[PDB]
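The next block is data.txt, given as compact mmCIF, C-alpha atoms.
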```txt
# COMPACT_ATOMS: atom_id res chain seq x y z
CA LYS A 1 90.64 -95.73 25.85
CA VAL A 2 87.04 -94.74 25.22
CA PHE A 3 87.02 -91.09 24.11
CA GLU A 4 84.35 -88.56 25.06
CA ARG A 5 82.79 -87.01 21.90
CA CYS A 6 84.30 -83.50 21.84
CA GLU A 7 87.56 -84.76 23.35
CA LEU A 8 87.96 -87.01 20.31
CA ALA A 9 86.84 -84.39 17.78
CA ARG A 10 89.70 -82.08 18.89
CA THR A 11 92.12 -85.02 18.89
CA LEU A 12 91.25 -85.81 15.28
CA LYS A 13 91.34 -82.15 14.19
CA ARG A 14 94.72 -81.79 15.88
CA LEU A 15 95.88 -84.83 13.90
CA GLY A 16 94.87 -83.31 10.52
CA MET A 17 91.64 -85.19 9.86
CA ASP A 18 89.48 -82.14 9.29
CA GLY A 19 88.67 -82.27 5.58
CA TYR A 20 91.45 -84.81 4.86
CA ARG A 21 90.83 -85.77 1.22
CA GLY A 22 87.59 -83.80 1.50
CA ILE A 23 86.31 -85.75 4.52
CA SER A 24 85.03 -83.42 7.22
CA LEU A 25 85.57 -84.02 10.93
CA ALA A 26 81.85 -84.75 11.38
CA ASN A 27 82.11 -87.73 8.99
CA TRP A 28 85.15 -89.10 10.82
CA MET A 29 83.36 -88.77 14.15
CA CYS A 30 80.29 -90.53 12.76
CA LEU A 31 82.57 -93.34 11.57
CA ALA A 32 84.37 -93.78 14.94
CA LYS A 33 80.97 -93.60 16.66
CA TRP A 34 79.35 -96.43 14.74
CA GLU A 35 82.50 -98.56 14.44
CA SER A 36 83.61 -98.70 18.08
CA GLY A 37 81.65 -96.17 20.11
CA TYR A 38 84.94 -94.23 20.39
CA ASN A 39 86.83 -97.21 21.85
CA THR A 40 90.43 -97.89 20.87
CA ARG A 41 90.73 -101.47 22.12
CA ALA A 42 87.66 -102.58 20.19
CA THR A 43 88.08 -105.83 18.28
CA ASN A 44 85.80 -107.97 16.16
CA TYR A 45 86.83 -111.37 14.76
CA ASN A 46 85.37 -112.29 11.37
CA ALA A 47 84.90 -116.07 11.36
CA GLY A 48 83.88 -116.11 7.70
CA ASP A 49 87.13 -114.84 6.20
CA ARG A 50 89.33 -115.15 9.31
CA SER A 51 90.11 -111.44 9.55
CA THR A 52 89.82 -109.05 12.52
CA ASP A 53 88.89 -105.37 12.84
CA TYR A 54 90.98 -103.33 15.26
CA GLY A 55 90.56 -100.06 17.07
CA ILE A 56 88.52 -96.90 17.14
CA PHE A 57 87.96 -97.20 13.36
CA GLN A 58 87.73 -101.03 13.23
CA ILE A 59 90.32 -101.29 10.43
CA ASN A 60 90.40 -104.83 8.97
CA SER A 61 93.55 -106.99 9.03
CA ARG A 62 93.19 -108.51 5.57
CA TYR A 63 94.44 -105.40 3.80
CA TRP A 64 95.57 -102.87 6.37
CA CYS A 65 97.50 -104.25 9.28
CA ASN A 66 99.63 -107.26 10.01
CA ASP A 67 98.47 -109.54 12.82
CA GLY A 68 100.27 -112.62 11.49
CA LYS A 69 97.13 -114.78 11.39
CA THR A 70 94.91 -113.63 8.51
CA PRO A 71 95.48 -115.93 5.46
CA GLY A 72 97.05 -114.20 2.49
CA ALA A 73 96.66 -110.78 4.15
CA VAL A 74 98.58 -107.61 3.27
CA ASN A 75 99.82 -104.61 5.32
CA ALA A 76 99.00 -101.41 3.43
CA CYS A 77 99.49 -99.27 6.52
CA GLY A 78 102.92 -100.79 7.28
CA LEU A 79 101.67 -101.44 10.85
CA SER A 80 101.20 -104.19 13.41
CA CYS A 81 97.48 -104.35 14.15
CA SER A 82 98.60 -103.87 17.76
CA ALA A 83 99.41 -100.25 16.81
CA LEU A 84 95.65 -99.78 16.22
CA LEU A 85 94.85 -100.89 19.79
CA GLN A 86 96.82 -98.06 21.47
CA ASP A 87 95.32 -95.29 23.61
CA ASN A 88 97.15 -92.73 21.45
CA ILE A 89 95.44 -92.68 18.06
CA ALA A 90 98.21 -91.16 15.92
CA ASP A 91 98.93 -94.49 14.18
CA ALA A 92 95.26 -95.37 13.73
CA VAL A 93 94.72 -91.93 12.12
CA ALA A 94 97.71 -92.39 9.80
CA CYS A 95 96.23 -95.78 8.80
CA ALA A 96 92.74 -94.29 8.42
CA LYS A 97 94.18 -91.64 6.08
CA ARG A 98 95.88 -94.37 4.00
CA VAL A 99 92.53 -96.18 3.71
CA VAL A 100 90.84 -93.08 2.25
CA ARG A 101 93.70 -92.45 -0.21
CA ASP A 102 92.17 -95.43 -2.05
CA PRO A 103 89.39 -95.12 -4.75
CA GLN A 104 86.46 -95.67 -2.39
CA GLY A 105 87.51 -92.93 0.01
CA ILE A 106 85.40 -92.77 3.17
CA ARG A 107 83.10 -95.34 1.51
CA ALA A 108 85.60 -98.09 2.44
CA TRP A 109 83.60 -98.45 5.65
CA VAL A 110 80.19 -99.94 5.09
CA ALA A 111 79.11 -98.64 8.52
CA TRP A 112 79.81 -95.18 7.09
CA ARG A 113 77.55 -95.79 4.11
CA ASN A 114 74.97 -97.26 6.56
CA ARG A 115 74.91 -94.69 9.37
CA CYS A 116 76.68 -91.56 8.05
CA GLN A 117 76.23 -91.17 4.32
CA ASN A 118 73.51 -88.70 3.28
CA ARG A 119 72.80 -88.10 6.93
CA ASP A 120 72.86 -85.13 9.30
CA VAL A 121 76.27 -85.42 10.99
CA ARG A 122 76.48 -81.87 12.42
CA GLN A 123 75.62 -83.29 15.85
CA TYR A 124 78.98 -85.05 16.17
CA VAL A 125 81.03 -81.82 16.22
CA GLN A 126 78.65 -79.26 17.77
CA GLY A 127 80.03 -77.64 20.87
CA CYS A 128 83.48 -79.21 20.49
CA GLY A 129 85.21 -76.00 19.42
CA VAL A 130 86.42 -77.60 16.17
```
Now that the file is in, can you turn its structure into structure tokens?
Amino acid sequence: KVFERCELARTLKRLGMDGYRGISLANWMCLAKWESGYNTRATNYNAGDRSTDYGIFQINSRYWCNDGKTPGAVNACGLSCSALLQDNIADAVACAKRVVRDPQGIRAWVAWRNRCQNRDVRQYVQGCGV
């Protein structure tokens, strides 16, 4: 599923992302935007370390989800990476929350530091009623 901007913003808010661990909805939207363009079945294989990013947030399989083929990987979200390729994002949001419970917070995603940090993210939530 490829979400429309405001449609996703309400979905995330509904799921408890607004200000989760101090991370506003705008920052989450900016992350989803630059990671997958709001697409849940987005996947990117990493040939260098044999890992794969899955879903709307492009969560990597080395540490977060089990796909059975990433060498020495872990499953911190207790989820099959397939769960992050669903149209319903509940599981991907629960995994995203787990990621930010770690020391780095929203900084875990380099794309966030690249395209969202110290930037004007108001535009992602304007007019969405969130």
Go through A:20, A:107, A:4, A:29 and flag the residue nearest residue A:123, using all atoms listed in the file for the distances.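 That would be A:29, the residue with the smallest distance to residue A:123.
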Considering only C-alpha atoms, state which residue in the set A:12, A:111, A:84, A:76 is at the smallest distance from residue A:31.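 Result for the nearest residue to residue A:31: A:111.
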Shortest interatomic distance to residue A:105 - which of A:130, A:30, A:23, A:73, counting only C-alpha atoms: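 Of all the options, A:23 lies closest to residue A:105.
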From the options A:120, A:69, A:21, A:36, which residue's atoms come nearest to residue A:102, counting only C-alpha atoms? A:21
What does the distance between atom CA of residue A:72 and atom CA of residue A:59 come to in Å, to one decimal place?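 Interatomic distance here is 16.6 Å.
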